Amino acid sequence: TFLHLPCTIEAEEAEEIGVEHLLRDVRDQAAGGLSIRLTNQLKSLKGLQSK
Amino acid sequence: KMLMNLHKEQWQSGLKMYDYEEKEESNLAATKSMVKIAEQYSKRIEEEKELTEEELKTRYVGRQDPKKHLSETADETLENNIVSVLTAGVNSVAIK
Amino acid sequence: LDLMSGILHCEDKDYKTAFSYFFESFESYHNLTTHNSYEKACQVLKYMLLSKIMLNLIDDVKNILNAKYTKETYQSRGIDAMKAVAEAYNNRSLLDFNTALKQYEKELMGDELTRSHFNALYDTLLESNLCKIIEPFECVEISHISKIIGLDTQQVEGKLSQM
Amino acid sequence: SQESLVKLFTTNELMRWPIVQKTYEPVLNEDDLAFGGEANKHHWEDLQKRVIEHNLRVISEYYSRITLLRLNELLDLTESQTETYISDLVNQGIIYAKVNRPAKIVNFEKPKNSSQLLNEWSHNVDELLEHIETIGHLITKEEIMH
Amino acid sequence: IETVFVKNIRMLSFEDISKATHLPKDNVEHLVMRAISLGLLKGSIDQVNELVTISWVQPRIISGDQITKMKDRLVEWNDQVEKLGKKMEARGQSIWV
Amino acid sequence: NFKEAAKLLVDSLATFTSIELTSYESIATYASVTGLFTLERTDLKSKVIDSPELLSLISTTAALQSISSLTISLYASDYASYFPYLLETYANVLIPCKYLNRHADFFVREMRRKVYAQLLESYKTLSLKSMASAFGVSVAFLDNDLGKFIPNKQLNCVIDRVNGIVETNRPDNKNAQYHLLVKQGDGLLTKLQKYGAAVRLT
Amino acid sequence: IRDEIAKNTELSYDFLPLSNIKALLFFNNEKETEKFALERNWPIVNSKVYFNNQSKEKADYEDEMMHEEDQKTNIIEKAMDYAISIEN
């Protein structure tokens, strides 16, 4: 059988900056500031209803 | 779009929390620490008697600011306690 | 000179300053051949135990003691009294303390400093024995405690009020 | 012979003193070392204390309120004796016990604080969210498959 | 175990238990102790209110009827989440990333 | 403001050389009075009773003689002699003062409240008759003085007249600290708006 | 005057003997007391009134409204409300 394992990321100096460089985004999977964590809490509720 | 998403257990995590023993601890540490820079903060505004912004910073060390460290520490514990109440209060009524 | 300062520093109810002196005064006797310092070795040895009993470092009674230099070559009724007093306090039993003092009674009378402090000691143990009884209970009968400590009922109630 | 003794203490079941005694007196207590000889028979005694304090260890875990009256019967000890071995156990910091001397309750239930309780309830929530996903993996397999 | 499992309440007096098992209330406290110990149930015991307080039941064979039963409650919880999330959008409308 | 007085007065017993100020007999007396008010049982014991300074000056005046007697009786859970000692200290300490003659009313009201408090803090139940025998006043006289001080929230006790028992409630705890905070915070808010509004206008 | 008293009697106490209710509501006959009971929807059985049921019942039907019962101000709502004030 196949057991699920979590998928997340890890990146080098170079690779992270190259991602940031593509992106015009400020992120929102971060859970840094007040603003960002607000967005997240609502995404969490929507995640829960769909499952 | 692949690159912007980096997490997938972000939905689960936003509705988890830590043990509440260390939350109480952060709240005590925050209040007690702000007393100690509040003492300095009173002393700072005894001064502000020297003409020029730069002269003030060099002479009376206006850069090591008590003002900066209070505002920031108050902000941190404050923002945190808004979220804490928000998460916990959602959890009881939503789940049950 | 260390000794006399010792008995007097003890009396002021500071048993840190006392111990430090009675160690020095003892060492001279221990290592100095006996003659009439046999008598002064024994007086210090008792007081040297004493300081440790009042501070409630009741392990340290037994550290000083050993089977080769203190219970061999300077054993008396007086040494036997202090190790019994030590044993009474570790239990926190007033009964135990009372057993020891009843049968070494003239030995307690025999030294003024040991006496003045055993009056003091009595009271700190009365407190400790009372505390031990009611710690693994709650809502304990005043008639049950009174049996154990041996005091009369009224006296137990007032004493408890103070603590 | 040895198996029966190890089995008694490893299980989390009470047992009465007059019955362990009789049972293993002609098997294990006759053998030398521990038990057997004259000085060694004076360690048979010290067994009686481990068996009644063992009973108390089982009862803290399963009972939360139990009567002082019923407790006397299970350990097979008088009122005076029972309270003593309780007190001795709480100085050792092995159990938490509170006896009411009019013979009301003996409490084994932990003294609680808001913080302990908030931690317990946090556990349960996290745990729910984890179960929902895990059952969710298996739901994918059997849906496509069948 | 059985009387505990088919019902949805979490406590039983010694009086109910004694009729069920044909044992007096003396042996019933032993009966309870072995069950908790075996891993069939969890709970706590009073002898001052003479309750057994159950907090855990052992998952057993799932019958067709019990699946329907699971489901009903999940529909109850879905609606509740979806309702809350609608309010939580209207609130905080100008402050999001 | 006896709170600051007390911290300084313990200091003034050991050291001061009198430089246009009142005698050391006077200062010693003053230290006693402040001592009872401010400090709990154990601190009363250290700072007043076991003071080398007080012990070494003795009782050589009418006012010092009465006050030293009142300190000991609070500490001893003597209650009979607490009310007699109190009347004598009013006459012979407070009145001849030039600083506690004006605070006389506040001071005597406080100690009266202190003695009742200390017994209640120690006792879950008491009888009105029991409490009143110990103090040396009647039952009736006691009930008045008790019912005066209940709404001032130091005593924290209800009193039943059916059975004559005095039950001792204790609602002061986390709940206590909560009343204080909202109140002081409310005041702080007033200050912020009023100073603020005057400047914004400028 | 009788109505205002009946409003008070509910919260004050919960059950009273028949003669003491008569005295309070002002009637010269025990029967006129039970007639006012039935109008005010309160059961006297075995010469005893009960408010343990009744008071809670009347307050509930009235307290049911759908114009300020969806406004209570949630805990969740209060956290959000604070939240936006800090960053705006």
# chains A, B, ... in the order shown; residues from 1 in each chain; ligands from 1
>>> residues_around(residues="region 2-8 of chain B", least_positions_apart="5", cutoff="9 Å", atoms="only C-alpha atoms", output="list in words")
residues 6, 7, 8, 9, 19, 23, 25, 27, 28 and 29 of chain A
>>> closest_atom_pairs(of="chain E", to="chain G", cutoff="7 Å", atoms="only C-alpha atoms", output="CSV")
residue,atom,partner,partner_atom,distance
E:91,CA,G:80,CA,6.7
E:92,CA,G:84,CA,6.5
E:95,CA,G:84,CA,6.4
>>> write_last_selection(atoms="N, CA, C and O atoms", output="compact mmCIF listing (two decimals), in the first residue's frame")
# COMPACT_ATOMS: atom_id res chain seq x y z
N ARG E 91 -16.72 40.58 7.09
CA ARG E 91 -15.79 41.05 8.13
C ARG E 91 -14.44 41.09 7.52
O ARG E 91 -14.12 40.14 6.83
N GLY E 92 -13.60 42.11 7.74
CA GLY E 92 -12.21 42.09 7.31
C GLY E 92 -12.05 42.24 5.80
O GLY E 92 -11.04 41.77 5.30
N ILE E 95 -8.97 44.40 4.59
CA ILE E 95 -7.74 43.96 5.17
C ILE E 95 -7.73 42.49 4.90
O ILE E 95 -8.37 41.64 5.52
>>> interface_residues(of="chain D", to="chain E", cutoff="8 Å", atoms="only C-alpha atoms", output="MDAnalysis selection string")
chainID D and resid 12:13 62:67 105
>>> residues_around(residues="residue 67 (chain B)", least_positions_apart="5", cutoff="9 Å", atoms="only C-alpha atoms", output="PDB file with N, CA and C atoms, in the first residue's frame")
ATOM      1  N   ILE B  37      11.570  48.717  30.158  1.00  0.00           N
ATOM      2  CA  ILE B  37      11.873  49.707  29.135  1.00  0.00           C
ATOM      3  C   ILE B  37      10.927  50.884  29.351  1.00  0.00           C
ATOM      4  N   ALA B  38       9.850  50.767  30.122  1.00  0.00           N
ATOM      5  CA  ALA B  38       9.024  51.897  30.516  1.00  0.00           C
ATOM      6  C   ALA B  38       9.659  52.756  31.526  1.00  0.00           C
ATOM      7  N   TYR B  41      12.031  54.871  29.469  1.00  0.00           N
ATOM      8  CA  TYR B  41      11.184  55.653  28.592  1.00  0.00           C
ATOM      9  C   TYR B  41      10.793  56.997  29.221  1.00  0.00           C
ATOM     10  N   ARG B  44      14.047  59.179  29.173  1.00  0.00           N
ATOM     11  CA  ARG B  44      14.315  59.646  27.842  1.00  0.00           C
ATOM     12  C   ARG B  44      13.643  61.000  27.660  1.00  0.00           C
ATOM     13  N   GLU B  72       7.469  48.105  19.427  1.00  0.00           N
ATOM     14  CA  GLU B  72       7.564  46.868  18.773  1.00  0.00           C
ATOM     15  C   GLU B  72       7.125  45.699  19.533  1.00  0.00           C
TER      16      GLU B  72
END
>>> select_by_dssp(residues="region 14-202 of chain F", states="strand (DSSP E or B)", output="ChimeraX atom specification")
/F:125-127,158-159,165-167
>>> write_last_selection(atoms="N, CA, C and O atoms", output="PDB file, in the first residue's frame")
ATOM      1  N   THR F 125     -15.389  29.760  60.260  1.00  0.00           N
ATOM      2  CA  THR F 125     -16.613  30.127  60.975  1.00  0.00           C
ATOM      3  C   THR F 125     -16.258  30.629  62.369  1.00  0.00           C
ATOM      4  O   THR F 125     -15.254  30.219  62.896  1.00  0.00           O
ATOM      5  N   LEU F 126     -17.069  31.499  62.989  1.00  0.00           N
ATOM      6  CA  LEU F 126     -16.958  32.002  64.307  1.00  0.00           C
ATOM      7  C   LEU F 126     -18.377  32.197  64.815  1.00  0.00           C
ATOM      8  O   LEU F 126     -19.360  32.299  64.086  1.00  0.00           O
ATOM      9  N   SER F 127     -18.592  32.333  66.187  1.00  0.00           N
ATOM     10  CA  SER F 127     -19.946  32.723  66.701  1.00  0.00           C
ATOM     11  C   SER F 127     -19.740  34.163  67.050  1.00  0.00           C
ATOM     12  O   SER F 127     -18.571  34.530  67.308  1.00  0.00           O
ATOM     13  N   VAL F 158     -19.971  37.455  55.665  1.00  0.00           N
ATOM     14  CA  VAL F 158     -21.443  37.754  55.825  1.00  0.00           C
ATOM     15  C   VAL F 158     -21.685  37.337  57.295  1.00  0.00           C
ATOM     16  O   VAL F 158     -20.862  36.569  57.864  1.00  0.00           O
ATOM     17  N   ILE F 159     -22.801  37.840  57.913  1.00  0.00           N
ATOM     18  CA  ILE F 159     -23.173  37.450  59.289  1.00  0.00           C
ATOM     19  C   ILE F 159     -24.631  37.096  59.342  1.00  0.00           C
ATOM     20  O   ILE F 159     -25.559  37.773  58.914  1.00  0.00           O
ATOM     21  N   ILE F 165     -23.801  32.524  63.442  1.00  0.00           N
ATOM     22  CA  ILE F 165     -22.492  32.068  62.946  1.00  0.00           C
ATOM     23  C   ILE F 165     -22.117  33.207  62.013  1.00  0.00           C
ATOM     24  O   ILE F 165     -22.952  33.976  61.534  1.00  0.00           O
ATOM     25  N   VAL F 166     -20.805  33.434  61.709  1.00  0.00           N
ATOM     26  CA  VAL F 166     -20.230  34.463  60.868  1.00  0.00           C
ATOM     27  C   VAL F 166     -19.490  33.625  59.844  1.00  0.00           C
ATOM     28  O   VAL F 166     -18.591  32.848  60.225  1.00  0.00           O
ATOM     29  N   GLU F 167     -19.919  33.641  58.549  1.00  0.00           N
ATOM     30  CA  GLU F 167     -19.339  32.765  57.476  1.00  0.00           C
ATOM     31  C   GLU F 167     -18.321  33.632  56.810  1.00  0.00           C
ATOM     32  O   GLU F 167     -18.563  34.860  56.768  1.00  0.00           O
TER      33      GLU F 167
END
>>> interface_residues(of="chain E", to="chain B", cutoff="9 Å", atoms="only C-alpha atoms", output="PyMOL selection string")
chain E and resi 77+80-81+84
>>> write_last_selection(atoms="N, CA, C and O atoms", output="PDB file, in the first residue's frame")
ATOM      1  N   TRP E  77     -22.083  19.381  10.348  1.00  0.00           N
ATOM      2  CA  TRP E  77     -20.891  20.120  10.562  1.00  0.00           C
ATOM      3  C   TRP E  77     -20.520  20.777   9.317  1.00  0.00           C
ATOM      4  O   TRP E  77     -19.734  21.679   9.456  1.00  0.00           O
ATOM      5  N   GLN E  80     -22.315  24.309   9.191  1.00  0.00           N
ATOM      6  CA  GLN E  80     -21.797  25.137  10.172  1.00  0.00           C
ATOM      7  C   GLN E  80     -20.547  25.783   9.779  1.00  0.00           C
ATOM      8  O   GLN E  80     -20.447  26.943   9.995  1.00  0.00           O
ATOM      9  N   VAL E  81     -19.685  25.096   9.137  1.00  0.00           N
ATOM     10  CA  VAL E  81     -18.378  25.706   8.665  1.00  0.00           C
ATOM     11  C   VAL E  81     -18.578  26.734   7.559  1.00  0.00           C
ATOM     12  O   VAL E  81     -17.998  27.852   7.605  1.00  0.00           O
ATOM     13  N   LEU E  84     -20.130  29.978   8.785  1.00  0.00           N
ATOM     14  CA  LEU E  84     -19.147  30.840   9.549  1.00  0.00           C
ATOM     15  C   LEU E  84     -18.255  31.562   8.588  1.00  0.00           C
ATOM     16  O   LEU E  84     -17.909  32.751   8.830  1.00  0.00           O
TER      17      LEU E  84
END
>>> residues_around(residues="region 96-108 of chain F", least_positions_apart="6", cutoff="9 Å", atoms="only C-alpha atoms", output="list in words")
residues 37, 63, 86 and 90 of chain F
>>> decode(residues="region 1-46 of chain A", atoms="N, CA and C atoms", output="tab-separated table (two decimals), in the first residue's frame")
chain	number	residue	atom	x	y	z
A	1	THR	N	0.89	-1.14	0.00
A	1	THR	CA	0.00	0.00	0.00
A	1	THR	C	0.89	1.14	0.00
A	2	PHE	N	0.34	2.39	-0.16
A	2	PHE	CA	1.16	3.57	-0.29
A	2	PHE	C	0.66	4.47	0.80
A	3	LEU	N	1.52	5.03	1.60
A	3	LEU	CA	1.19	5.81	2.79
A	3	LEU	C	1.48	7.20	2.28
A	4	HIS	N	0.65	8.31	2.48
A	4	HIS	CA	0.93	9.69	2.16
A	4	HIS	C	1.92	10.22	3.13
A	5	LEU	N	2.82	11.10	2.59
A	5	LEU	CA	3.71	11.89	3.40
A	5	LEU	C	3.54	13.33	3.05
A	6	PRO	N	3.70	14.27	3.92
A	6	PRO	CA	3.61	15.68	3.65
A	6	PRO	C	4.47	16.19	2.53
A	7	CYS	N	4.00	17.10	1.65
A	7	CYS	CA	4.87	17.82	0.73
A	7	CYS	C	4.98	19.32	1.15
A	8	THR	N	6.28	19.79	1.22
A	8	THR	CA	6.60	21.12	1.60
A	8	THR	C	7.79	21.45	0.69
A	9	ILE	N	8.40	22.68	0.92
A	9	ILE	CA	9.58	22.95	0.09
A	9	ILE	C	10.61	23.36	1.04
A	10	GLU	N	11.86	23.44	0.54
A	10	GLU	CA	13.12	23.87	1.15
A	10	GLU	C	13.85	24.42	-0.10
A	11	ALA	N	14.66	25.44	0.02
A	11	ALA	CA	15.34	25.97	-1.09
A	11	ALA	C	16.65	26.51	-0.58
A	12	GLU	N	17.64	26.54	-1.50
A	12	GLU	CA	18.96	27.22	-1.43
A	12	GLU	C	18.79	28.69	-1.39
A	13	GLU	N	19.86	29.49	-1.16
A	13	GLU	CA	19.96	30.95	-1.40
A	13	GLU	C	19.56	31.41	-2.76
A	14	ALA	N	20.25	30.81	-3.73
A	14	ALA	CA	20.08	31.07	-5.17
A	14	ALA	C	18.67	30.76	-5.66
A	15	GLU	N	18.11	29.59	-5.28
A	15	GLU	CA	16.85	29.07	-5.77
A	15	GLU	C	15.65	29.85	-5.26
A	16	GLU	N	15.71	30.23	-3.93
A	16	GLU	CA	14.67	31.04	-3.29
A	16	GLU	C	14.48	32.44	-3.92
A	17	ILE	N	15.65	33.13	-4.16
A	17	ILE	CA	15.77	34.41	-4.74
A	17	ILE	C	15.30	34.35	-6.17
A	18	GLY	N	15.62	33.28	-6.93
A	18	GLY	CA	15.13	33.01	-8.30
A	18	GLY	C	13.63	32.80	-8.39
A	19	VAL	N	12.96	32.30	-7.28
A	19	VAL	CA	11.54	32.14	-7.20
A	19	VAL	C	10.88	33.53	-7.05
A	20	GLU	N	11.44	34.31	-6.14
A	20	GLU	CA	11.05	35.67	-5.70
A	20	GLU	C	11.16	36.59	-6.74
A	21	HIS	N	12.26	36.35	-7.53
A	21	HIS	CA	12.53	37.09	-8.74
A	21	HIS	C	11.46	36.91	-9.83
A	22	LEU	N	11.01	35.67	-10.02
A	22	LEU	CA	9.85	35.46	-10.96
A	22	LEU	C	8.60	36.19	-10.46
A	23	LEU	N	8.35	35.97	-9.15
A	23	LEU	CA	7.10	36.37	-8.58
A	23	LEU	C	6.97	37.84	-8.35
A	24	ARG	N	5.88	38.44	-8.72
A	24	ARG	CA	5.55	39.77	-8.34
A	24	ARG	C	4.75	39.82	-6.99
A	25	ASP	N	4.67	38.68	-6.22
A	25	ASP	CA	3.80	38.40	-5.10
A	25	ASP	C	4.64	38.69	-3.89
A	26	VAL	N	3.99	38.89	-2.73
A	26	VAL	CA	4.53	39.08	-1.44
A	26	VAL	C	4.30	37.89	-0.58
A	27	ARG	N	3.80	36.78	-1.16
A	27	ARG	CA	3.41	35.53	-0.47
A	27	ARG	C	2.24	35.65	0.39
A	28	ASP	N	1.62	34.52	0.77
A	28	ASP	CA	0.44	34.41	1.62
A	28	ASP	C	0.24	33.02	2.12
A	29	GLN	N	1.24	32.21	1.90
A	29	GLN	CA	1.40	30.95	2.63
A	29	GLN	C	2.33	31.09	3.77
A	30	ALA	N	2.88	32.38	4.01
A	30	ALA	CA	3.98	32.73	4.96
A	30	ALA	C	3.56	32.60	6.41
A	31	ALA	N	2.34	33.15	6.86
A	31	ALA	CA	1.88	33.28	8.19
A	31	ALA	C	2.86	34.14	9.00
A	32	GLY	N	3.41	35.20	8.35
A	32	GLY	CA	4.22	36.18	8.99
A	32	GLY	C	3.32	37.22	9.64
A	33	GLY	N	3.09	38.38	9.02
A	33	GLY	CA	2.37	39.47	9.57
A	33	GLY	C	0.86	39.22	9.93
A	34	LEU	N	0.23	40.26	10.58
A	34	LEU	CA	-1.18	40.22	10.90
A	34	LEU	C	-2.06	40.05	9.69
A	35	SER	N	-1.74	40.80	8.66
A	35	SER	CA	-2.44	40.81	7.41
A	35	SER	C	-2.48	39.40	6.75
A	36	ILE	N	-1.35	38.68	6.85
A	36	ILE	CA	-1.13	37.47	6.11
A	36	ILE	C	-1.87	36.36	6.77
A	37	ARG	N	-1.81	36.34	8.15
A	37	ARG	CA	-2.48	35.36	8.98
A	37	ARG	C	-4.01	35.47	8.94
A	38	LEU	N	-4.52	36.74	8.70
A	38	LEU	CA	-5.94	36.91	8.43
A	38	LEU	C	-6.34	36.19	7.22
A	39	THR	N	-5.52	36.28	6.14
A	39	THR	CA	-5.95	35.73	4.88
A	39	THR	C	-6.02	34.25	5.10
A	40	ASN	N	-4.99	33.69	5.83
A	40	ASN	CA	-4.83	32.28	6.02
A	40	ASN	C	-5.97	31.70	6.73
A	41	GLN	N	-6.52	32.41	7.80
A	41	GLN	CA	-7.55	31.81	8.64
A	41	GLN	C	-8.79	31.49	7.80
A	42	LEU	N	-9.22	32.32	6.88
A	42	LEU	CA	-10.27	32.11	5.98
A	42	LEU	C	-10.02	31.01	4.97
A	43	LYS	N	-8.81	30.91	4.40
A	43	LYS	CA	-8.42	29.78	3.57
A	43	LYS	C	-8.51	28.44	4.24
A	44	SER	N	-8.33	28.46	5.63
A	44	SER	CA	-8.35	27.23	6.41
A	44	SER	C	-9.71	26.65	6.55
A	45	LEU	N	-10.70	27.58	6.76
A	45	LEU	CA	-12.14	27.24	6.86
A	45	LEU	C	-12.67	26.65	5.52
A	46	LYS	N	-12.23	27.24	4.38
A	46	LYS	CA	-12.62	26.81	3.05
A	46	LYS	C	-11.96	25.41	2.74
